[PDB]
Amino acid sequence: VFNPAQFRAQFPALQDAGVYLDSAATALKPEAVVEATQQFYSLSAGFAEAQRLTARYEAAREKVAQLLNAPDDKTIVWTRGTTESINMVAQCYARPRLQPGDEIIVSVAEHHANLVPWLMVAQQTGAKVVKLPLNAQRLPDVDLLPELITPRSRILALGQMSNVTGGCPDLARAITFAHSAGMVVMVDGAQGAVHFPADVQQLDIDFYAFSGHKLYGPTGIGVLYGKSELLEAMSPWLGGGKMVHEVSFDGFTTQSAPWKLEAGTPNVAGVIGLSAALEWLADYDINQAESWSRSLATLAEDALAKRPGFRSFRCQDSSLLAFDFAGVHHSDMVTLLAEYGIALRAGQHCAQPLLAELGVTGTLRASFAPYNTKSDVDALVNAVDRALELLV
């Protein structure tokens, strides 16, 4: 049984932070992460803290495997974030395989990290990006895929969950349609891994990407999960130490995956700290924590909908609440709210095509996490009423 006050207590930033409603950009960190990091950079030169950090590090891929229900720790590849993970799939798996005229299907809801790499590899190979539009509930229209898929369709790129609408498409169906056409699927899990971590075996996901910093964890660290046969098929990514087996002026041979894909000194601090994040988080029932965050988002959305000119872009009672007010620019509101003590985000959220689809050039977004409270909702509503008085 989830206790919000127990979860909330682990977050040292909270007293200074005031009201923090921008977890969807980046999450606050629990003591476990701060302390694992402190310990790693302080570690006695040349045995009990030492061994604890060693077990955190060596167990780290396995803790990711357990989050995702990956078959084994060797399907987990360390990257610097979702962004590098997707570029790796595009460059190392897609680019050697794509032929001129092949098609890559990309949802209009995609964050730029799951869209720009595809534009780029399309331009390199003569493949074409084909748009997967939204249905009437603002989700990628998975039901339309059979009509969009052709004998040229090779890759489907689809967000598990939008960082704007919080909306999740019907990914099981989408993947079943893509696999039926012999396509591979790049799932962007940067939000989903935080809220509804994907069962990569049940969903039959080919590749899944997420970032540590959004999962209560360090910056500069992320994951690429891929099926072992796809990781084996991928070409090497960066060249250098660690990924290589033998090297001479005539050429080189590589380790197999995941090491093949990981040149140079790892982000050891980032691995250790994401290990601590995951170990800490595993003591909480994620369904229960997420229902709490969603219930606050709902309380905020119902209150704000009582104010004139409110519109919400929120899907599926998400813990993310994107919204705007008629005749008020999102910049002005975000500024006043910050002066009032409320931290949220405004602008395009790296999703310019989605926002163009919805007919807006920016929105405000308040995103709730399991350390947010009912008073945080009261404070946000109070600041919005004071801001709207100044702006309308």
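We call the rigid core the largest set of C-alpha positions that still match within 1.5 Å between the two forms. One rule holds for the numbers: they count along the sequence shown, beginning at 1.
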query	finding
More variable segment, 325-333 or 60-68 [Cα RMS over structures in 5 other deposited structures of this protein, core-superposed]	325-333
Missing residues, deposited sequence, between residue 46 and residue 47 (class: none, 1 to 3, 4 to 9, 10 or more)	4 to 9
Given 120-128 and 147-155, the range whose Cα B-factors average higher in the PDB entry	147-155
80-88 or 180-188, whichever carries the higher mean Cα B-factor	180-188
Most elevated Cα B-factor in the entry, residues 93, 216, 310, 208	310
Criterion, highest CA B-factor; candidates, 195, 260, 138, 112	138
CA B-factor ranking of residue 267, expressed as a third of its chain	lowest
Chain-relative CA temperature factor third for residue 275	middle
CA B-factor placement of residue 357, once the chain's modelled residues are sorted into thirds	highest
Chain third (lowest, middle, highest) by recorded CA B-factor, residue given as residue 41	lowest
Cα B factor band for residue 384 (lowest, middle or highest third within the chain)	lowest
